[PDB]
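J.: Okay, so here is data13.pdb, and as you'll see once you scroll down, it has PDB, C-alpha atoms (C1' of nucleotides) and all ligand atoms.
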ATOM      1  CA  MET A   1     100.529 -50.473 154.011
ATOM      2  CA  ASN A   2      99.179 -46.953 153.955
ATOM      3  CA  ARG A   3      95.945 -46.981 151.987
ATOM      4  CA  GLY A   4      95.348 -43.242 152.073
ATOM      5  CA  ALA A   5      98.856 -42.621 150.782
ATOM      6  CA  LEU A   6      98.380 -44.946 147.811
ATOM      7  CA  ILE A   7      95.241 -43.074 146.805
ATOM      8  CA  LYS A   8      96.850 -39.614 146.918
ATOM      9  CA  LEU A   9      99.659 -41.129 144.831
ATOM     10  CA  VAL A  10      97.352 -42.260 142.052
ATOM     11  CA  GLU A  11      95.630 -38.884 142.298
ATOM     12  CA  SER A  12      98.801 -36.836 142.276
ATOM     13  CA  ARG A  13      99.361 -36.764 138.517
ATOM     14  CA  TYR A  14      96.177 -34.681 138.089
ATOM     15  CA  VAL A  15      96.592 -32.222 140.959
ATOM     16  CA  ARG A  16      96.704 -28.516 140.092
ATOM     17  CA  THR A  17      98.450 -25.799 142.101
ATOM     18  CA  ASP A  18      98.061 -23.056 139.551
ATOM     19  CA  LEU A  19      94.538 -21.914 140.396
ATOM     20  CA  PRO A  20      93.860 -19.004 142.762
ATOM     21  CA  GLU A  21      92.457 -19.566 146.227
ATOM     22  CA  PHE A  22      88.932 -18.300 146.838
ATOM     23  CA  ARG A  23      86.299 -18.401 149.559
ATOM     24  CA  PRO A  24      82.486 -18.830 149.442
ATOM     25  CA  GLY A  25      80.959 -15.397 148.942
ATOM     26  CA  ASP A  26      83.596 -14.391 146.409
ATOM     27  CA  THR A  27      82.603 -13.540 142.867
ATOM     28  CA  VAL A  28      84.611 -15.466 140.299
ATOM     29  CA  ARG A  29      85.013 -15.991 136.537
ATOM     30  CA  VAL A  30      85.651 -19.624 135.527
ATOM     31  CA  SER A  31      86.925 -20.112 131.987
ATOM     32  CA  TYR A  32      85.685 -23.608 131.100
ATOM     33  CA  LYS A  33      86.611 -25.692 128.052
ATOM     34  CA  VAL A  34      83.497 -26.694 126.133
ATOM     35  CA  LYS A  35      82.713 -28.752 123.002
ATOM     36  CA  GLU A  36      79.881 -28.229 120.520
ATOM     37  CA  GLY A  37      79.883 -28.495 116.728
ATOM     38  CA  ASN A  38      82.427 -29.284 115.710
ATOM     39  CA  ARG A  39      84.942 -27.252 117.683
ATOM     40  CA  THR A  40      85.989 -26.771 121.263
ATOM     41  CA  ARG A  41      85.939 -23.306 122.814
ATOM     42  CA  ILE A  42      86.344 -21.372 126.043
ATOM     43  CA  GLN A  43      83.069 -20.439 127.729
ATOM     44  CA  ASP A  44      83.114 -18.170 130.749
ATOM     45  CA  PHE A  45      80.934 -18.675 133.801
ATOM     46  CA  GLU A  46      80.774 -15.783 136.240
ATOM     47  CA  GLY A  47      79.073 -15.893 139.643
ATOM     48  CA  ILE A  48      79.332 -16.303 143.401
ATOM     49  CA  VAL A  49      80.856 -19.468 144.821
ATOM     50  CA  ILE A  50      78.170 -20.650 147.217
ATOM     51  CA  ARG A  51      79.768 -23.870 148.433
ATOM     52  CA  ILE A  52      83.116 -25.620 148.694
ATOM     53  CA  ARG A  53      83.073 -29.399 149.297
ATOM     54  CA  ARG A  54      86.491 -30.595 150.411
ATOM     55  CA  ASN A  55      87.940 -34.045 149.744
ATOM     56  CA  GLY A  56      91.558 -33.380 148.847
ATOM     57  CA  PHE A  57      91.880 -33.945 145.111
ATOM     58  CA  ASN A  58      88.127 -34.511 144.931
ATOM     59  CA  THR A  59      87.279 -31.015 146.201
ATOM     60  CA  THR A  60      84.553 -29.423 144.106
ATOM     61  CA  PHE A  61      83.112 -25.918 144.207
ATOM     62  CA  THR A  62      79.700 -24.574 143.206
ATOM     63  CA  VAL A  63      79.005 -21.252 141.504
ATOM     64  CA  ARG A  64      75.696 -19.438 141.111
ATOM     65  CA  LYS A  65      74.595 -16.653 138.788
ATOM     66  CA  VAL A  66      71.489 -15.286 137.157
ATOM     67  CA  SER A  67      71.442 -15.669 133.371
ATOM     68  CA  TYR A  68      68.659 -13.907 131.418
ATOM     69  CA  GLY A  69      66.145 -14.093 134.259
ATOM     70  CA  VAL A  70      66.878 -17.593 135.491
ATOM     71  CA  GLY A  71      69.140 -18.727 138.297
ATOM     72  CA  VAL A  72      71.896 -21.101 137.265
ATOM     73  CA  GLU A  73      74.266 -23.070 139.453
ATOM     74  CA  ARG A  74      77.421 -24.721 138.117
ATOM     75  CA  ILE A  75      79.538 -27.332 139.845
ATOM     76  CA  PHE A  76      83.222 -27.703 139.002
ATOM     77  CA  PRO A  77      85.839 -30.144 140.191
ATOM     78  CA  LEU A  78      88.722 -27.915 141.294
ATOM     79  CA  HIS A  79      91.436 -29.942 139.589
ATOM     80  CA  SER A  80      89.496 -30.394 136.359
ATOM     81  CA  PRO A  81      91.881 -30.064 133.391
ATOM     82  CA  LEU A  82      88.903 -28.623 131.565
ATOM     83  CA  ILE A  83      89.239 -25.426 133.558
ATOM     84  CA  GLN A  84      91.650 -22.994 131.890
ATOM     85  CA  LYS A  85      91.758 -20.316 134.547
ATOM     86  CA  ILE A  86      89.739 -18.862 137.387
ATOM     87  CA  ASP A  87      89.730 -15.086 137.864
ATOM     88  CA  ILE A  88      88.689 -13.560 141.167
ATOM     89  CA  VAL A  89      86.515 -10.640 140.160
ATOM     90  CA  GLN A  90      85.552  -9.646 143.700
ATOM     91  CA  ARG A  91      86.107 -10.706 147.309
ATOM     92  CA  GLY A  92      82.952 -11.048 149.376
ATOM     93  CA  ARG A  93      82.344 -11.726 153.063
ATOM     94  CA  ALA A  94      80.140 -14.540 154.328
ATOM     95  CA  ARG A  95      79.813 -15.426 157.998
ATOM     96  CA  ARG A  96      78.771 -18.878 156.906
ATOM     97  CA  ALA A  97      80.567 -21.626 154.941
ATOM     98  CA  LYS A  98      77.669 -22.758 152.796
ATOM     99  CA  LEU A  99      75.563 -20.032 151.243
ATOM    100  CA  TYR A 100      72.432 -21.882 150.106
ATOM    101  CA  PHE A 101      70.351 -19.081 151.634
ATOM    102  CA  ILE A 102      70.994 -16.554 148.856
ATOM    103  CA  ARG A 103      68.790 -18.682 146.594
ATOM    104  CA  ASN A 104      65.815 -16.940 148.202
ATOM    105  CA  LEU A 105      67.103 -13.367 148.369
ATOM    106  CA  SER A 106      66.616 -10.398 146.055
ATOM    107  CA  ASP A 107      69.595  -8.892 144.226
ATOM    108  CA  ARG A 108      69.400  -6.106 146.802
ATOM    109  CA  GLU A 109      69.445  -8.370 149.848
ATOM    110  CA  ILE A 110      72.411 -10.313 148.507
ATOM    111  CA  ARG A 111      74.412  -7.107 148.040
ATOM    112  CA  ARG A 112      73.697  -6.132 151.609
ATOM    113  CA  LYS A 113      74.315  -9.611 152.982
ATOM    114  CA  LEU A 114      77.620 -10.271 151.206
ATOM    115  CA  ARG A 115      79.680  -7.110 151.646
ATOM    116  CA  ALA A 116      83.096  -6.739 150.025
ATOM    117  CA  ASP A 117      85.765  -8.386 152.148
ATOM    118  CA  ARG A 118      87.926  -5.305 152.176
ATOM    119  CA  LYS A 119      90.632  -7.141 154.136
ATOM    120  CA  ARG A 120      91.275  -9.707 151.431
ATOM    121  CA  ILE A 121      91.053  -6.912 148.875
ATOM    122  CA  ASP A 122      94.006  -4.944 150.304
ATOM    123  CA  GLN A 123      95.556  -8.357 150.666
ATOM    124  CA  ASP A 124      95.064  -9.057 146.963
ATOM    125  CA  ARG A 125      96.572  -5.656 146.173
ATOM    126  CA  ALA A 126      99.460  -6.164 148.607
ATOM    127  CA  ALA A 127     100.614  -8.880 146.264
ATOM    128  CA  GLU A 128     100.126  -8.022 142.586
ATOM    129  CA  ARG A 129     103.283  -5.957 143.223
ATOM    130  CA  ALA A 130     105.968  -8.019 141.521
ATOM    131  CA  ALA A 131     109.781  -7.910 141.546
TER     132      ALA A 131
ATOM    133  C1'   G B   1     -55.310 -10.933 116.143
ATOM    134  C1'   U B   2     -49.645  -8.847 114.475
ATOM    135  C1'   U B   3     -46.968 -11.666 120.181
ATOM    136  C1'   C B   4     -44.158 -15.376 117.454
ATOM    137  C1'   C B   5     -41.330 -17.438 112.102
ATOM    138  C1'   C B   6     -39.794 -15.382 106.685
ATOM    139  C1'   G B   7     -39.693 -10.943 103.480
ATOM    140  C1'   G B   8     -40.256  -5.636 102.864
ATOM    141  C1'   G B   9     -41.670   0.238 103.642
ATOM    142  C1'   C B  10     -40.870   5.021 106.865
ATOM    143  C1'   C B  11     -38.666   7.634 111.365
ATOM    144  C1'   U B  12     -35.165   6.822 115.106
ATOM    145  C1'   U B  13     -30.610   4.516 118.172
ATOM    146  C1'   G B  14     -25.814   1.720 118.684
ATOM    147  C1'   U B  15     -21.470   0.049 115.604
ATOM    148  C1'   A B  16     -14.590  -1.449 115.921
ATOM    149  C1'   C B  17     -19.386  -3.474 109.866
ATOM    150  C1'   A B  18     -18.308  -0.785 104.148
ATOM    151  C1'   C B  19     -15.895  -7.818 100.770
ATOM    152  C1'   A B  20     -21.336  -4.118 104.503
ATOM    153  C1'   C B  21     -23.696  -9.836 110.287
ATOM    154  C1'   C B  22     -22.883 -15.351 104.917
ATOM    155  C1'   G B  23     -19.468  -8.356 108.240
ATOM    156  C1'   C B  24     -15.661  -8.063 111.806
ATOM    157  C1'   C B  25     -12.575 -10.230 115.495
ATOM    158  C1'   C B  26      -9.734 -12.564 120.485
ATOM    159  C1'   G B  27      -6.420 -15.924 122.874
ATOM    160  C1'   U B  28      -4.269 -20.895 123.619
ATOM    161  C1'   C B  29      -2.248 -25.294 121.221
ATOM    162  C1'   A B  30       0.765 -27.460 116.459
ATOM    163  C1'   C B  31       4.756 -25.798 112.484
ATOM    164  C1'   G B  32       8.573 -22.593 110.343
ATOM    165  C1'   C B  33      11.745 -17.936 110.098
ATOM    166  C1'   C B  34      13.999 -13.620 113.200
ATOM    167  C1'   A B  35      15.365 -10.921 117.132
ATOM    168  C1'   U B  36      15.493 -10.294 122.607
ATOM    169  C1'   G B  37      15.619 -11.554 128.348
ATOM    170  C1'   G B  38      17.096 -15.128 131.896
ATOM    171  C1'   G B  39      20.654 -19.248 132.709
ATOM    172  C1'   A B  40      25.250 -23.809 136.017
ATOM    173  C1'   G B  41      28.881 -21.160 133.476
ATOM    174  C1'   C B  42      32.905 -20.326 129.607
ATOM    175  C1'   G B  43      36.031 -16.589 127.112
ATOM    176  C1'   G B  44      37.808 -11.376 126.296
ATOM    177  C1'   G B  45      38.471  -5.935 127.115
ATOM    178  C1'   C B  46      39.128  -1.932 130.256
ATOM    179  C1'   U B  47      39.722  -0.520 135.298
ATOM    180  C1'   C B  48      40.650  -0.087 140.809
ATOM    181  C1'   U B  49      43.135  -1.485 145.326
ATOM    182  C1'   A B  50      47.113  -3.813 148.596
ATOM    183  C1'   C B  51      51.757  -5.636 148.708
ATOM    184  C1'   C B  52      56.588  -8.218 146.827
ATOM    185  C1'   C B  53      60.454  -7.351 143.192
ATOM    186  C1'   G B  54      62.553  -3.599 140.126
ATOM    187  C1'   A B  55      66.056  -1.499 134.447
ATOM    188  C1'   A B  56      67.593   3.194 132.563
ATOM    189  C1'   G B  57      67.795   7.985 134.767
ATOM    190  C1'   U B  58      67.535  12.275 137.701
ATOM    191  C1'   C B  59      68.173  13.853 142.520
ATOM    192  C1'   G B  60      70.333  13.001 147.814
ATOM    193  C1'   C B  61      74.147  10.777 151.005
ATOM    194  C1'   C B  62      79.174   8.552 151.047
ATOM    195  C1'   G B  63      83.516   8.541 148.394
ATOM    196  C1'   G B  64      86.670   5.064 153.854
ATOM    197  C1'   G B  65      90.609  -0.826 154.957
ATOM    198  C1'   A B  66      90.388   2.153 148.540
ATOM    199  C1'   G B  67      91.518   3.560 142.808
ATOM    200  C1'   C B  68      92.686   7.676 138.834
ATOM    201  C1'   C B  69      93.260  13.123 138.236
ATOM    202  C1'   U B  70      94.854  17.503 140.435
ATOM    203  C1'   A B  71      93.102  22.147 138.679
ATOM    204  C1'   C B  72      94.174  18.446 146.167
ATOM    205  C1'   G B  73      88.776  22.615 151.547
ATOM    206  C1'   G B  74      88.416  19.462 144.423
ATOM    207  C1'   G B  75      86.805  16.032 140.548
ATOM    208  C1'   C B  76      85.778  11.375 138.418
ATOM    209  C1'   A B  77      85.475   6.166 139.261
ATOM    210  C1'   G B  78      83.016   3.234 142.828
ATOM    211  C1'   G B  79      79.192   2.222 147.057
ATOM    212  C1'   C B  80      74.502   3.133 149.320
TER     213        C B  80
HETATM  214 MG    MG C   1      90.489 -41.952 151.786
HETATM  215 MG    MG C   2     103.833 -45.247 149.725
HETATM  216 MG    MG C   3     -38.859  -7.782 110.500
HETATM  217 MG    MG C   4     -44.288   4.652 103.847
HETATM  218 MG    MG C   5     -32.651   0.579 111.634
HETATM  219 MG    MG C   6     -21.727 -14.331 113.218
HETATM  220 MG    MG C   7      22.113 -14.318 126.050
HETATM  221 MG    MG C   8      24.457 -12.196 130.857
HETATM  222 MG    MG C   9      35.105 -14.265 133.549
HETATM  223 MG    MG C  10      36.411 -11.137 133.534
HETATM  224 MG    MG C  11      53.872 -10.149 149.557
HETATM  225 MG    MG C  12      61.340   0.217 145.638
HETATM  226 MG    MG C  13      88.183  12.408 148.078
HETATM  227 MG    MG C  14      78.906   8.622 141.383
END
Could you render the structure as structure tokens?

T.:
Amino acid sequence: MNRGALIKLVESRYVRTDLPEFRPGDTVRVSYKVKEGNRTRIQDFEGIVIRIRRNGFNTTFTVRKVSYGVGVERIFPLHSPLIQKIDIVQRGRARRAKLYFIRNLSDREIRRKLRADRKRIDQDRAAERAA
RNA sequence: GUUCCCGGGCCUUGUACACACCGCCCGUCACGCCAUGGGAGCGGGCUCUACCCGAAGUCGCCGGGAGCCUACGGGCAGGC
């Protein structure tokens, strides 16, 4: 038997292919489905992805932003049906795969440390030219 | 005999006494009221210095791996 195969099979019905690829350092807007009273709505979360744990279907990514003076980090499973869409708002360039270190930097230092990844920007504009 | 004790007469001298020496008056200790100083400290106001971070905005640089406008030796966006 192939135990790994069986797993991926069970998993397969929930796998998404529709979301955009993104790298740690990028700034992103995640439109998340949320429930309150009594309705469900779409609530946006916009920050830098500071980490990407990979485990196939169980890959999860972590996003950090400052909201009204306090730092907030959000963790999302990448194939969560509760995510409507993810919009890349900016490509950034880390030299490092996990970016825990920006937790201790000023807004100025971060801007210096994570410069726009101009390469993937042209690259994003190279597409976005449909036929 | 008039030194002494009581009372009085005259001159004089001292006085913070004049309710007039059966006058006045000082400080502690006890009690009560009020205010003030000190006092381990507690709380508040204002202020000074050094550094970290830093909105809007002006000003300066850039405006390219790069957008929009051309009025293209430019401008705006945008970045520092
Ligand atoms: Mg496995
Ligand atoms: Mg099989
Ligand atoms: Mg006599
Ligand atoms: Mg006589
Ligand atoms: Mg006399
Ligand atoms: Mg006497
Ligand atoms: Mg006192
Ligand atoms: Mg005092
Ligand atoms: Mg004090
Ligand atoms: Mg004080
Ligand atoms: Mg310091
Ligand atoms: Mg400064
Ligand atoms: Mg130009
Ligand atoms: Mg400008």

J.: Compute the set of chain A residues within 9 Å of chain B, using only C-alpha atoms (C1' of nucleotides), and express it as a list in words.

T.: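 In the required form, that comes to residues 106, 118, 119, 121 and 122 of chain A.
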
J.: Taking all atoms listed in the file into account, report as a list in words which residues have an atom no farther than 12 Å from an atom of ligand MG 6 (chain C).

T.: residues 17, 21, 22, 23, 24 and 25 of chain B

J.: Write a file of the selected residues as a PDB file, in the frame of the given file, keeping C-alpha atoms (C1' of nucleotides).

T.:
ATOM      1  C1'   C B  17     -19.386  -3.474 109.866  1.00  0.00           C
ATOM      2  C1'   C B  21     -23.696  -9.836 110.287  1.00  0.00           C
ATOM      3  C1'   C B  22     -22.883 -15.351 104.917  1.00  0.00           C
ATOM      4  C1'   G B  23     -19.468  -8.356 108.240  1.00  0.00           C
ATOM      5  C1'   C B  24     -15.661  -8.063 111.806  1.00  0.00           C
ATOM      6  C1'   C B  25     -12.575 -10.230 115.495  1.00  0.00           C
TER       7        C B  25
END

J.: Taking all atoms listed in the file into account, list the residues no farther than 9 Å from ligand MG 1 (chain C), as a PyMOL selection string.

T.: chain A and resi 3-5+7-8+55

J.: Would you mind exporting the chosen residues as a short mmCIF file (atom, residue, chain, number, x, y, z; two decimals), in the frame of the given file, restricted to C-alpha atoms?

T.:
data_model
loop_
_atom_site.label_atom_id
_atom_site.label_comp_id
_atom_site.auth_asym_id
_atom_site.auth_seq_id
_atom_site.Cartn_x
_atom_site.Cartn_y
_atom_site.Cartn_z
CA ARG A 3 95.94 -46.98 151.99
CA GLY A 4 95.35 -43.24 152.07
CA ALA A 5 98.86 -42.62 150.78
CA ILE A 7 95.24 -43.07 146.80
CA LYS A 8 96.85 -39.61 146.92
CA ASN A 55 87.94 -34.04 149.74
#

J.: Residues within 10 Å of ligand MG 14 (chain C) (all atoms listed in the file), as a PDB file with C-alpha atoms (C1' of nucleotides), in the frame of the given file?

T.:
ATOM      1  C1'   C B  62      79.174   8.552 151.047  1.00  0.00           C
ATOM      2  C1'   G B  63      83.516   8.541 148.394  1.00  0.00           C
ATOM      3  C1'   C B  76      85.778  11.375 138.418  1.00  0.00           C
ATOM      4  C1'   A B  77      85.475   6.166 139.261  1.00  0.00           C
ATOM      5  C1'   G B  78      83.016   3.234 142.828  1.00  0.00           C
ATOM      6  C1'   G B  79      79.192   2.222 147.057  1.00  0.00           C
TER       7        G B  79
END

J.: Show me which residues sit within 10 Å of ligand MG 7 (chain C) when counting all atoms listed in the file, and put them as a ChimeraX atom specification.

T.: /B:36-39

J.: May I have the residues within 9 Å of ligand MG 13 (chain C), computed using only C-alpha atoms (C1' of nucleotides) and all ligand atoms, as a list in words?

T.: residues 63, 72, 74 and 75 of chain B

J.: Go through the shown structure with the PyMOL selection byres (((not hetatm)) within 9 of (chain C and resi 9)) and write out the matching residues as a ChimeraX atom specification.

T.: /B:42-44

J.: If you keep C-alpha atoms (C1' of nucleotides), can you produce a file of those selected residues as a PDB file, keeping the file's coordinate frame?

T.:
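The file below, part.pdb, is the result:
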ATOM      1  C1'   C B  42      32.905 -20.326 129.607  1.00  0.00           C
ATOM      2  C1'   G B  43      36.031 -16.589 127.112  1.00  0.00           C
ATOM      3  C1'   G B  44      37.808 -11.376 126.296  1.00  0.00           C
TER       4        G B  44
END

J.: Hey, could you make a per-residue contact list for chain B against ligand MG 5 (chain C) with 12 Å as the cut-off, showing the nearest pair of atoms and its distance in Å to one decimal, counting all atoms listed in the file, sorted by chain and number, as a Markdown table?

T.:
| residue | atom | partner | partner_atom | distance |
| --- | --- | --- | --- | --- |
| B:10 | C1' | C:MG5 | MG | 10.5 |
| B:11 | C1' | C:MG5 | MG | 9.3 |
| B:12 | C1' | C:MG5 | MG | 7.6 |
| B:13 | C1' | C:MG5 | MG | 7.9 |
| B:14 | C1' | C:MG5 | MG | 9.9 |
| B:15 | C1' | C:MG5 | MG | 11.9 |

J.: Could you report the residues within 12 Å of ligand MG 11 (chain C), using only C-alpha atoms (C1' of nucleotides) and all ligand atoms, as a ChimeraX atom specification?

T.: /B:50-53

J.: Ligand MG 2 (chain C): which residues are within 8 Å, counting all atoms listed in the file? Reply as a PyMOL selection string.

T.: chain A and resi 1-2+5-6+9
